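One chain is shown next in structure tokens, namely the form deposited without coenzyme A (COA).
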């Protein structure tokens, strides 16, 4: 039941327009033959830009999972300590201060994990507690905040941090011109995010500013492991994405947000700030649709989607910051809502103050 003190988003210095990404992408070896679907898909995404970790003309030559994953380890680390520092400074705090650190990626594999590495680089205390969260995916933005709270609930003098870093570009080695992967090449970008939360008691001493994390609720939809995730093989991390995903949302997401809110004597009309994860236009439309929501509401999410792409688990944090920035109106409540492999969902109840 504890309170965010800092949010920060980092991203590769190379921003490319979507048309530039496409104009070039179609000219990639073995792709020109699928120009038509590529153009349409990259234009269907409502993504105007994307930071990439490498120069755009280097991906065509990135084809070994072994190479790309070493690039990941080198590259994820540095965006992370950049994102952590940004948040620690937002929170008027220092590395020594951190008692636990959760790490979220689904986009490369690292052992020892990112947190160990980011712990080495920032000089965090040797006895920092490490929670490297893998295989949660796009929902680890909301889920990562949850495990944070769950931790500070029973440790109110404490400082916990969540670093999300997803470098989708580097999964290229396993991208072939089939619909799922191509949907992938239309939406996903590279980015990092960090959140610094603190105890209620600790909150008053370092004057936290973010809202509080009041409650959470996971929701794991059954018989639906296939809806998304990775097929993992010698060629890297192969994006598995199903069309059935929007269907599941519309038929159950209303139910979830109703039971989570009710348990707080609340209706969907009290939440004065939504922070929703942008899986892509049809997903953002389905959720707007299911929850009977006017467009004012998900506006920061479409605008984040247009500006940085889909960043997996880092997006919601980027949007989280976007809305924090726009200071709602003191007392109001808010609702993170993320979804990812499972298939599953995550709602975080938030109060601003």
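Positions refer to the first chain, counted from 1.
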- Mean Cα B-factor comparison, 99-107 or 201-209, giving the higher one as deposited: 201-209
- Query: Looking at the entry, does 326-334 or 19-27 show the higher mean C-alpha B-factor?
  - Reply: 326-334
- From the entry's CA B-factor values, the highest among 246, 113, 171, 185 is 246
- Query: Quick one: which of 225, 193, 261, 136 has the biggest Cα B-factor according to the entry?
  - Reply: 261
- Message: Per the entry's values, where does residue 117 land by CA temperature factor relative to the rest of its chain, in the lowest, middle or highest third?
- Response: lowest
- State the tercile, meaning the lowest, middle or highest third, of residue 64 with respect to the CA B-factors recorded for its chain. lowest
- Note on the structure: Entry-reported C-alpha B-factor of residue 280 relative to its chain, by third, is highest
- On the chain's distribution of Cα B-factors, residue 55 falls within the third called lowest
- Note on the structure: Of the three thirds of Cα B-factor ranks in this chain, residue 70 occupies the lowest
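Missing here is the form solved in complex with coenzyme A (COA); even so, the following discussion is about that form.
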- Item | Per-stretch contact check against coenzyme A (COA) in the deposited complex, the hit in 89-97, 182-190, 201-209, 150-158 (non-hydrogen atom, 4.5 angstroms) | 182-190
- Task: Using a 4.5 Å heavy atom cut-off, state whether residue 279 contacts coenzyme A (COA) in the deposited complex.
- Result: yes
- Task: Flag residue 162 as yes or no: does it have a non-hydrogen atom within 4.5 angstroms of any non-hydrogen atom of coenzyme A (COA) in the deposited complex?
- Result: no
- Message: in the deposited complex, is there a heavy atom of coenzyme A (COA) that lies within 4.5 Å of any heavy atom of residue 44, even though the partner is absent here?
- Response: yes
- At the 4.5 Å heavy atom threshold, is residue 273 in contact with coenzyme A (COA) in the deposited complex? no
- Give a yes or no on whether every one of 213, 333 and 348 sits within 4.5 angstroms of coenzyme A (COA) in the deposited complex by heavy atom. no
- Selected contact from 219, 113, 242, 224, since only one has a non-hydrogen atom within 4.5 angstroms of coenzyme A (COA) in the deposited complex: 242
- Checked 261, 102, 119, 228 for heavy atoms within 4.5 Å of coenzyme A (COA) in the deposited complex; positive is 228
